[PDB]
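Asker: below is the structure, and that's it, no one-letter string:
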């Protein structure tokens, strides 16, 4: 649970490593203006399929 | 007078409903999503109102 | 089909609450009696303050 | 990076190089030209802003 900081959501979108980038929540470029109340970052690794 | 003002009250109160969209604040959806999908979202919300 | 993909999901609990994290957009001082297109952490309305 | 060229995407392949309108009507065509485009010289003559 990341909180009380500033996030570089523009450049995060910029690294071309991201191959499956599905932003069902909101449009990617618009991650910059809105203020997120809180946030979780659930990380793991799964199959390619 | 009671019935007329109560009808108007229901009309105004109807604005809080998401009608199945992402939210009820029309400007929140504008800030969140992109035009090519705000299209369908705003479509649902507008047809509801 | 079986090349392991590292996957991170970023869930945002966007609602009306104390804003903790958002983008590095440059703030500016207020105004009174002059309607403005303000953005107070998602509250993207308009009006005098 | 072909699937990204579509009305409703943003990126190096979607907007930075060449755009598609949100009211476009037409047909995109993509096929595997890895036969001729495979250049022992590394085919670096193919550029993008």
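Answerer: Arrived safely, thanks for sending. Numbers count the residues shown, from 1 in each chain, chains lettered A, B, ... in the order given.
Asker: stretch D:39-49 and chain A in contact?
Answerer: No: on the criterion C-beta under 8 Å from any C-beta of the partner chain, stretch D:39-49 is out of touch with chain A, staying 12.2 Å away. Any C-beta I mention is one placed from the backbone N, CA and C, and that applies to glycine too.
Asker: quick one: buried residues of that stretch?
Answerer: Across stretch D:39-49, burial judged by 16 or more other C-beta atoms under 10 Å in any protein chain shown covers no residue at all.
Asker: now swap in stretch C:8-19 and tell me
Answerer: For stretch C:8-19, the neighbour count (16+ other C-beta under 10 Å) marks C:10, C:12, C:14, C:19 as buried.
Asker: how near is the third one to residue A:35?
Answerer: For residue C:14, the distance to residue A:35 under the criterion C-beta to C-beta, to the nearest Å works out to 9 Å.
Asker: now do the strands in chain A.
Answerer: Assigned by DSSP state E, chain A shows strands spanning A:5-6, A:35-36, A:39-46.
Asker: minimum distance to chain C: which of these has it?
Answerer: For these, the distance to chain C is smallest for strand A:35-36, at 3.6 Å, taking C-beta to the nearest C-beta.
Asker: returning to what we had before: looking at the strands of chain A, which is buried most?
Answerer: Comparing the strands of chain A by mean neighbour count (mean count of other C-beta atoms under 10 Å in any protein chain shown), strand A:35-36 ranks first with a mean of 21.
Asker: ok, and which of the buried residues of stretch C:8-19 reach chain A?
Answerer: Applying C-beta under 8 Å from any C-beta to the buried residues of stretch C:8-19, one finds that C:10, C:12, C:14, C:19 fall near chain A.
Asker: so does stretch B:40-49 get close to chain D?
Answerer: No: contact between stretch B:40-49 and chain D is absent, the nearest approach being 10.9 Å (criterion: C-beta under 8 Å from any C-beta).
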